[PDB]
There are 2 protein chains.
Amino acid sequence: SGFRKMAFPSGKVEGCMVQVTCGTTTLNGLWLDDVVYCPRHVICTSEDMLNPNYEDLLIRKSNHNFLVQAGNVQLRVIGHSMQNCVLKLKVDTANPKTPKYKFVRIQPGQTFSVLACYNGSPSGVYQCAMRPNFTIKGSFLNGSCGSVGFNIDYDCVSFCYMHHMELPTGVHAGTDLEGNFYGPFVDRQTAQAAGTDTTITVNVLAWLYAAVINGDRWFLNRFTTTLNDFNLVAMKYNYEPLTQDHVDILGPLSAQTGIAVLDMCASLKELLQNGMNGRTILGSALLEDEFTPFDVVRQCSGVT
Amino acid sequence: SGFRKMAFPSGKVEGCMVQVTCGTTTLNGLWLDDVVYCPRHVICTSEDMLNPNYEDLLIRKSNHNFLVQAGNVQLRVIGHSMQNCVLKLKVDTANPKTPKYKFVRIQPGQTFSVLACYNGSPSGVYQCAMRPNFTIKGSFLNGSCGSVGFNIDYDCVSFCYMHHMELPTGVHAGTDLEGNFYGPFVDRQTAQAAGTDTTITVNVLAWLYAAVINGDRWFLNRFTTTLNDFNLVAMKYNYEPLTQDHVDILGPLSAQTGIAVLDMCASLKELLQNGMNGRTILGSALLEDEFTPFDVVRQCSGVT
Ligand SMILES: *CC(=O)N1CCN(c2ccc(OC)cc2)CC1
Ligand SMILES: *CC(=O)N1CCN(c2ccc(OC)cc2)CC1
């Protein structure tokens, strides 16, 4: 029993983190096979960052300008290319610790682990979600860019995020490992504001199922609802519309607990309308939305 | 910016996790040098667990009864001994991945990372605190016993916890790596209830400092207090007494923010008395007490 915000074990990703320096800028790169992946803004002077022309800035860079260090050993750069907002530095050595890996682009509401790094060295691991506004709520100081987000499926690391940007409101923007930003964000120091940070309804429901499984049941009530009725309340509270696809996804948790998805919706509806009244669920005073239904089943069943 | 509940990178500990089987019981062991450490209750039939005599049960066990598997490779057990509530299985092979390590016994209020494992395989990593009642609030299913808690100081893993027990109230009990239980807990299936789960005041203050550093300032007020006045309020709310030692520990955060420790105490006093009024601090609706002052300075500065 117990239910914790849990990251994937980080060892397979620790084995891939290197330091990338270009001029006076040091950040992180991801070393897979003979390619190091890093944010293209490694080539920018903070001056450049106001209105960078990356193709033009990159012309002034040679392979020997990209200093790539794995622990205390230098890697030899034998090629560099820009793909969208990442650079791919071809090195003469395959990372011997390269795990089985995929590059995946996740959807809003999907969770992942971040290995926060500075100068190619791991500092910590935490669990994030892609927010409906395509930001993430991270922990990233200067030097942390090129830190990556990932899921693990047994022995295969799916990389989904590389850190690039902090918005003036302290939330985070980044790319997939093809260098495409999540959401409308750009690697430029400009007026970019996040849209509404809506609550991931299907995740909240998953976490209420986790709560029931783990003995927290006070919020169960005598009510049910319909998707349409629930969605009127969701709308009012800046929750994502619940779809039949979400109901279908919650089926296994419904089955295990014997609580119909729409009954748990009516519980969530009452919590939205009435609040917690100073009570907690799984040690939280708010409705947690960074556990997916897959996360809850994984943690409640003990997958490795 | 941003502030997350952050675990240490788990790779160095992943490298130490093995499977231990005795009869029909499988749990986790920690392999350091040529010793595998595991809970002594691996020798118990669930029947034995009501009133086990461990010395007597251990007489029926030989080296060849302890099946120790590192990934898919068996380790040869050449000795076994009981130390307090752990077994030390001497194996014929030093773990080649043994990191620099220490065994430390932590105090209540100290935080650590747990690598939750099943059958010697890592499932996830999360951040815990030793509670003032000597429980931890973990995520541990059957098979997770022998999972360990740790801090890292650069390249040295300090192991502080091994998981043994769940109490009927769903909280966790375990030992240090010398096999001494934290608190009054025993490895027997008996009436053991946790005492008051008091809030770790110095940690809450550290986290309020983290909040100010990261832009969350609404709870700052025009008041101050004294340790004695604050402690009257702490007492009433089941918070730990704040000591001058705690004030001294918060000095660096005081200095960095320019907020006197006793002014932050007066902020915390108002939050205790008035509540959050539906507001959040660093995305929490309650006062977070599982960040130490050391954790806040580490995360806010970017140590690796
Ligand atoms: C996210 C990251 O690691 N980077 C972007 C910002 N960055 C930076 C460092 C130092 C200054 O001035 C002192 C400005 C920006 C480093 C790379
Ligand atoms: C914590 C842990 O891993 N263990 C203690 C409890 N345990 C156990 C397994 C199966 C049953 O009956 C089905 C009872 C207890 C396994 C080891």
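Residues numbered from 1 in each chain as written, not as in the entry; some residues may be left out. Chains lettered and ligands numbered in written order. Heavy atoms only, no water.

Per the PDB entry, chain A goes by 3C-like proteinase and derives from Severe acute respiratory syndrome coronavirus 2. The record deposited in the PDB is entitled "PanDDA analysis group deposition -- Crystal Structure of SARS-CoV-2 main protease in complex with PCM-0102254".

A.B. asks: Honestly, the site of ligand 1 in this entry has me stumped. Any pointers?
C.D. replies: Residues and elements named next belong to chain A. Around ligand 1 sit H41, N142, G143, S144 and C145, and those are all the residues in its vicinity. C145 is positioned with one of its backbone polar atoms (N or O) 2.9 Å from an oxygen atom of ligand 1. Protein coverage of the free-state accessible area of ligand 1, which is 420 Å², stands at 53%. For the shell around ligand 1, the residue count by class is one nonpolar, four polar and no charged. (Near = heavy atom within 4 Å. Polar contact = N/O pair within 3.5 Å; in protein donor to acceptor, adjacent residues only side chain to side chain. Areas by Shrake-Rupley, 256 points an atom, 1.4 Å probe, with all protein chains shown as cover. Nonpolar A, V, L, I, M, F, W, Y, C, P; charged D, E, K, R; others polar.)

A.B. asks: So what exactly am I meant to see when it comes to the site of ligand 2 here?
C.D. replies: Residues and elements named next belong to chain B. As a structural note, the neighbourhood of ligand 2 is formed by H41, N142, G143, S144 and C145. Separating an oxygen atom of ligand 2 from a backbone N or O atom of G143 is a distance of 2.7 Å. Residue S144 places a main-chain N or O atom 3.0 Å away from an oxygen atom belonging to ligand 2. Protein chains bury 53% of the 420 Å² of accessible surface belonging to ligand 2 in isolation. When grouped by side-chain class, the residues that make up the shell around ligand 2 number one nonpolar, four polar and no charged.

A.B. asks: Help me out: how do you make sense of the packing of aromatic side chains in this one?
C.D. replies: Per the counting criterion, the structure on display carries 18 aromatic pairs over all chains. Here the aromatic rings of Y37(A) and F103(A) are separated by 5.1 Å at their centres, their planes lie at 90°, and the arrangement is edge-to-face. Placement of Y37(A) in strand β3 (residues 35-39) and of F103(A) in strand β8 (residues 100-103) is noted, with a sequence separation of 66 residues between them. For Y37(A), a relative accessible area of 8% translates into the label buried. Look at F103(A) and you get partly exposed, because its relative accessible area is 26%. Ring-pair connections join several aromatic residues into one group, and the members of that group are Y37(A), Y101(A), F103(A) and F159(A). The ring of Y182(B) is capped by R105(B), whose NZ or CZ atom sits 4.5 Å from the centre of that ring. (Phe/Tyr/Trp six-rings, centres within 6.5 Å; stacked < 30°, edge-to-face > 60°. Helix = DSSP H or I, 4+ residues; strand = E, 2+ residues; numbered from the N terminus. Buried < 20%, exposed > 50% of the residue type's maximum accessible area, 1.4 Å probe, protein only. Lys NZ or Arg CZ within 6 Å of the ring centre and 35° of its normal.)

A.B. asks: For this particular structure, what's the right way to read the domain arrangement of chain A?
C.D. replies: In many analyses, interface size is given as the accessible surface area lost on bringing the parts together. When its domains are assigned, chain A resolves into domain 1 (1-14 + 100-197), domain 2 (15-99) and domain 3 (198-301). The C-alpha-based centres of domain 2 of chain A and domain 3 of chain A are spaced at 43 Å. (Domains from an automatic or database assignment.)

A.B. asks: Just checking my understanding: could you explain the sheet that holds strand β5 (residues 73-75) of chain B for this structure?
C.D. replies: Residues and elements named next belong to chain B. Across the sheet, seven strands lie side by side as β5-β4-β1-β2-β3-β7-β6; this open sheet has antiparallel pairing. Single-partner strands in this sheet number two, and they are β5 and β6 (77-83). On average, each strand axis in the sheet is tilted by 30° relative to the strand beside it, whichever way the strands run. Examined bridge by bridge, strand β1 (residues 17-22) and strand β4 (residues 67-70) share three bridges and lie antiparallel to one another. Its bridge partner being in β4, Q19 is matched across the sheet by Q69. (Pairing = 2+ DSSP bridges. Axes fitted to C-alpha atoms, helices over the stretch in contact; angles between N-to-C directions.)

A.B. asks: What is the right way to look at the relation of the copies chain B and chain A in this model?
C.D. replies: At an RMSD of 0.0 Å, chain B and chain A line up after a rotation of 180° and a shift of 0.0 Å along the axis. With respect to symmetry, the two chain copies, as superposed, fit the operation of a two-fold axis. Judged by C-alpha distance, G11(B) is the residue of chain B that lies nearest the rotation axis, at 1.8 Å. Same-surface contact between copies: 100% of interface residues of chain B are shared with the interface of chain A. (Least-squares fit on C-alpha atoms. Contact = heavy atoms within 4.5 Å.)

A.B. asks: Any chance you could explain the sheet that holds strand β1 (residues 17-22) of chain A here in plain terms?
C.D. replies: Each strand in a sheet pairs with another by means of backbone hydrogen bonds, the pair being arranged parallel or else antiparallel. Residue and element names in this part refer to chain A. Within the open sheet, the seven strands sit side by side as β5-β4-β1-β2-β3-β7-β6. Their pairing is antiparallel. Of all strands in the sheet, those with a lone pairing partner are β5 (73-75) and β6 (77-83), marking the two edges. Strand-to-strand twist of the sheet, defined as the mean angle between neighbouring strand axes without regard to direction, takes the value 30°.

A.B. asks: In this structure, what is going on with the pattern of salt bridges? I would like to understand it.
C.D. replies: It is possible for side chains bearing opposite charge to pair when their charged atoms get close. All chains considered together, the criterion is met by 22 salt bridges over all chains. Among the salt bridges present, the one from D187(A) reaches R40(A), with a minimum N-O distance of 2.7 Å. Remark: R40(A) occurs in the loop between β3 and α2 (54-59) and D187(A) occurs in the loop between β13 (172-175) and α3 (201-213); sequence separation between them is 147 residues. A salt bridge links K137(A) to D197(A); its shortest N-O distance comes to 2.5 Å. One end of the pair, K137(A), is in the loop between β10 (121-129) and β11 (148-153); the other, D197(A), is in the loop between β13 and α3, with 60 residues separating them in the sequence. Taking the relative accessible area as the measure of exposure, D197(A) reaches 27% and is therefore partly exposed. Several salt bridges converge on common partners, so that one network encompasses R4(A), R131(B), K137(B), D197(B), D289(B) and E290(B). (Salt bridge = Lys/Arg side-chain N within 4 Å of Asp/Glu carboxyl O.)

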